[PDB]
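The structure under discussion appears below in the form of structure tokens.
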Protein chains: 2
Amino acid sequence: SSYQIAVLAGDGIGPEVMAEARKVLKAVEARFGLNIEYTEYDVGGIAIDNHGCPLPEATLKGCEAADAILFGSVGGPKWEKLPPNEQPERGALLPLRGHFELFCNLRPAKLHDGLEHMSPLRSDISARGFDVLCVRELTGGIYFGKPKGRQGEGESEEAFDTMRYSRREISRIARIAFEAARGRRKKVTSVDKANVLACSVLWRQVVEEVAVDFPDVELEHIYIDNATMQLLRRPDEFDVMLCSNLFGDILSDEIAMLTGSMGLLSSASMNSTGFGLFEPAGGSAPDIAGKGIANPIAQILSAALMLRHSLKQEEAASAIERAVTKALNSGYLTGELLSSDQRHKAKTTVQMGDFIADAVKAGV
Amino acid sequence: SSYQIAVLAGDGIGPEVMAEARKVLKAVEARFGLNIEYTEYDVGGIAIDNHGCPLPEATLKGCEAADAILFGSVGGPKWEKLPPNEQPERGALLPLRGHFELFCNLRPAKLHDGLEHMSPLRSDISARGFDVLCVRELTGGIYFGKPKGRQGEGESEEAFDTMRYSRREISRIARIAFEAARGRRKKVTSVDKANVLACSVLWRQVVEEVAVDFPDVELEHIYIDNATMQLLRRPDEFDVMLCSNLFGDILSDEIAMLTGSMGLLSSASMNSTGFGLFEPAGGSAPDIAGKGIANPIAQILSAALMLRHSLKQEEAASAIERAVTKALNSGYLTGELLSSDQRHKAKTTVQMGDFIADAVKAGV
Ligand SMILES: CC(C)[C@H](C(=O)O)[C@@H](O)C(=O)O
Ligand SMILES: CC(C)[C@H](C(=O)O)[C@@H](O)C(=O)O
Ligand SMILES: [Ca+2]
Ligand SMILES: [Ca+2]
Ligand SMILES: [Cl-]
Ligand SMILES: [Cl-]
């Protein structure tokens, strides 16, 4: 009836950009007639400080009661001193994905008109633009495969991780990729290492089995090392890229960096009911936190992805997207999007949130 | 006494660039007084055509009798139609590495003075230059780990690959990295995914144990997804990067692409006796083969790495390196290194080989 959203702002700039996303959602709630209730829970570094662990039981139970999780960012210097297997990022994210079976990660990345110059690519490559959606399988492969651990002592002590995938796991994430490519430029590029990995031989086989249901979509396969190179030369020739868990982690981040604009990038991680966790692509930026400098666009577009995919409110989702476009093309830019001779034109976190919420209210 | 080299030219441009490397080696043999004998063996696509498999027994036995393998390139359209697990590249390279225990791969990559413009990076990043040596562990981890295979049928059919590393395996490749960083800029960046993988937790632990023998070398650790991004922003801040097998495959290729000059790049894969296989970093380029267009520099620098690391002939190795530098700075460039208004200034494969061999003879 009423929608229930668990709000997990986390660490660093999380809370200050989350405030702007809630301001924009308030404008959307009024314009479209939606009744949404929000509960806040601690997660990450702040949860370690307040509760002794990065994902408290009360937080986990709170997400169980919600229709979606609007997530900020976790991690920072303070806890970067604990062993990597106890740090807040992995400690919050891996159990949330496992617990809610969030097998599908979508990370849309594009070069926005007029910001091509921020990409680290040579200017004649970035002038061509790109628009790539990465679909990454998030609950299988080597992240959760067993056995995992270590045995032995001294020189012969060894550690082991198992990459495992079943046909059922590959076909469900491949179907999402093909369905997405239909709505875009009808091309899926599947990324694997089938010259070495048994998992990748199965991957490429099952992706070709799925392809028969999508005769209008072009399928190509590429090895992961070749993909990491080709994205530097012709990123405009990719449309949907479909990846297993580890290869998707690497490639989605490489493509995010090639935009030069990580403050604009959001991520959705969903299960088959469309419950999901929506978060900015970038990190907690603890050096700028509490200064009003942080770009809230990524957190605001996370809330748009959440309205579309979890709450099936397409019109509300696109109203936010258009309000963001209006900001970007009316010169409302934060400091990290400006060449530093432009730096004095930078808008603060709050001016961005006010502008975008006002544009939604105004009927954009 | 006499050195014995197995020559495995392979497919595509392999034979035409190998001819130039042998022409340059002939000049080195005369200038330094070295007696080297060469035997040629088929490998790759040509071996499939002549012998029915990509690594014939006679070839394998021939490499056993040699002091090093000078290797060209394998693979091409003709065989790209066989299953990926039967194609010539994996079919020649994985058993050669396993058989001879070639655990250490070195791939030096640098932006050469005056060719910065060919990099796909933005011009203000490539102007700063970079010079990164990738040390990749080549016989452990997920490439050769067991169990590997598949079980089950239908939707529940699954495939599995095991990533495994022992302390002994990590410490031997880490020692090479630290020893190399001493001779360069005294920094090792180790690349892992210790927030997820048991193998990476062990990796980072053992690398820190090795570090105690090298108090003058700075060590930092970085996650693989972060490394793939940071190489796009500050590649000048890395010196030696130390990687496990799969992460090294991805990162060494990303760095090769960032030079924009893969025709200049070579690779050494060695065991603890210093037997090795030396090859160009790039592929068989079957579209330009037999035209005299291909850049033989990578194959000539492979022969220099082979003289240095396998034959311990440092002076002969550096004479080749300097002859290459002389070519690059005397305008002897092949077509792929020229902006296509310059295209008519391109030298052919043979003019390059003649120039470099003549420079070695002249006492460069
Ligand atoms: C924190 C880490 C486990 C995580 C991952 O590897 O999935 C992060 O890199 C990401 O991409 O969301
Ligand atoms: C052909 C393939 C097995 C090989 C690898 O993955 O090592 C190649 O990509 C390389 O980098 O030499
Ligand atoms: Ca990542
Ligand atoms: Ca490779
Ligand atoms: Cl995986
Ligand atoms: Cl590995």
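Simple scheme: letters A, B, ... for chains in structure tokens order, numbers from 1 for residues in each chain, numbers from 1 for ligands in the order shown.
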Can I get the residues close to ligand 2 as a PDB file with N, CA and C atoms, in the first residue's frame, where close means within 7 Å and we count only C-alpha atoms and all ligand atoms?
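The file below, out_39.pdb, is the result:
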```pdb
ATOM      1  N   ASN A 195      38.900 -19.596 -22.757  1.00  0.00           N
ATOM      2  CA  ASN A 195      40.090 -20.351 -23.102  1.00  0.00           C
ATOM      3  C   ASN A 195      40.814 -20.987 -21.895  1.00  0.00           C
ATOM      4  N   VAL A 196      40.374 -20.723 -20.672  1.00  0.00           N
ATOM      5  CA  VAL A 196      41.090 -21.208 -19.480  1.00  0.00           C
ATOM      6  C   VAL A 196      40.124 -21.810 -18.488  1.00  0.00           C
ATOM      7  N   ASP A 225      40.472 -10.073 -20.867  1.00  0.00           N
ATOM      8  CA  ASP A 225      41.664  -9.258 -21.057  1.00  0.00           C
ATOM      9  C   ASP A 225      41.469  -8.420 -22.334  1.00  0.00           C
TER      10      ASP A 225
ATOM     11  N   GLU B  89      46.233 -20.835 -29.235  1.00  0.00           N
ATOM     12  CA  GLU B  89      46.928 -19.979 -28.264  1.00  0.00           C
ATOM     13  C   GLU B  89      46.991 -20.717 -26.913  1.00  0.00           C
ATOM     14  N   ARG B  90      45.831 -21.041 -26.376  1.00  0.00           N
ATOM     15  CA  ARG B  90      45.811 -21.710 -25.098  1.00  0.00           C
ATOM     16  C   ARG B  90      46.455 -23.060 -25.236  1.00  0.00           C
ATOM     17  N   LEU B  93      50.404 -22.354 -25.306  1.00  0.00           N
ATOM     18  CA  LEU B  93      50.979 -21.639 -24.180  1.00  0.00           C
ATOM     19  C   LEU B  93      50.780 -22.286 -22.800  1.00  0.00           C
ATOM     20  N   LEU B  94      49.588 -22.837 -22.485  1.00  0.00           N
ATOM     21  CA  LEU B  94      49.388 -23.338 -21.152  1.00  0.00           C
ATOM     22  C   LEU B  94      50.295 -24.596 -20.914  1.00  0.00           C
ATOM     23  N   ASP B 249      46.986 -11.225 -15.808  1.00  0.00           N
ATOM     24  CA  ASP B 249      46.577 -11.302 -17.253  1.00  0.00           C
ATOM     25  C   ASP B 249      45.830 -10.035 -17.595  1.00  0.00           C
TER      26      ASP B 249
END
```
*Can you tell me which residues come within 6 Å of ligand 5 when counting only C-alpha atoms and all ligand atoms, ideally as a count of residues only?*
6
*Please return, as a PyMOL selection string, all residues of chain A lying within 7 Å of chain B when only C-alpha atoms are considered.*
chain A and resi 84-85+90+120-123+143+148-149+155-168+194-199+202+225+228-229+232-233+249-250+253-254+257
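Residues with any atom within 8 Å of residue 111 in chain B, counting only C-alpha atoms and excluding same-chain neighbours fewer than 4 positions away, are residues 115, 116, 119, 126, 129, 130, 131 and 259 of chain B.
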*Can you list, as number ranges by chain, every residue of range 229-318 of chain A that DSSP puts in helix (DSSP H, G or I)?*
A: 229-230, 235-237, 245-259, 262-264, 297-309, 314-318
Go ahead and save the picked residues with C-alpha atoms, as a compact mmCIF listing (two decimals), in the first residue's frame.
```
# COMPACT_ATOMS: atom_id res chain seq x y z
CA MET A 229 41.75 -3.20 -23.79
CA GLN A 230 38.95 -2.60 -26.30
CA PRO A 235 33.85 2.12 -26.00
CA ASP A 236 31.20 3.49 -28.30
CA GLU A 237 30.76 0.08 -29.96
CA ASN A 245 30.84 -11.74 -10.64
CA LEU A 246 34.59 -11.15 -10.59
CA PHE A 247 34.89 -10.01 -14.21
CA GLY A 248 31.95 -7.68 -13.71
CA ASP A 249 33.53 -6.09 -10.62
CA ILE A 250 36.63 -5.19 -12.69
CA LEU A 251 34.97 -4.09 -15.89
CA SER A 252 32.14 -2.02 -14.35
CA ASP A 253 34.74 -0.03 -12.39
CA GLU A 254 37.00 0.43 -15.46
CA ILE A 255 33.99 1.83 -17.44
CA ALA A 256 32.96 4.07 -14.46
CA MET A 257 36.49 5.57 -14.45
CA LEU A 258 36.40 6.10 -18.26
CA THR A 259 33.42 8.55 -17.74
CA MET A 262 31.72 9.02 -10.99
CA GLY A 263 29.51 11.50 -9.12
CA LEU A 264 26.88 10.89 -11.84
CA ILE A 297 23.56 13.33 -8.24
CA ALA A 298 24.63 9.70 -7.92
CA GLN A 299 22.52 9.26 -4.73
CA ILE A 300 19.52 11.05 -6.39
CA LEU A 301 19.78 8.76 -9.48
CA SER A 302 19.97 5.76 -7.14
CA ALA A 303 16.51 6.84 -5.82
CA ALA A 304 15.29 7.08 -9.43
CA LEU A 305 16.50 3.52 -10.12
CA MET A 306 14.78 2.39 -6.90
CA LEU A 307 11.39 4.00 -8.03
CA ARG A 308 11.71 2.29 -11.46
CA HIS A 309 12.90 -1.18 -10.57
CA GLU A 314 8.34 4.62 -14.13
CA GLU A 315 6.95 8.16 -14.39
CA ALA A 316 8.39 9.25 -11.05
CA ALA A 317 11.78 7.66 -11.93
CA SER A 318 11.99 9.50 -15.27
```
*Select, from B:127, B:338, B:6, B:30, the residue with the minimum atom-to-atom distance to residue 363 in chain B, counting only C-alpha atoms.*
B:30
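Checking B:243, B:281, B:359, B:350 one by one against ligand 6, counting only C-alpha atoms and all ligand atoms, you find the shortest gap at B:243.
From CA of residue 107 in chain A back to CA of residue 39 in chain A, the distance works out to 25.6 Å.
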_Here is a test: counting only C-alpha atoms and all ligand atoms, which residue of B:59, B:189, B:139, B:73 is nearest to ligand 6?_
B:139
*Separation of CA of residue 322 in chain B from CA of residue 23 in chain B, in Å and rounded to one decimal*: 16.0 Å
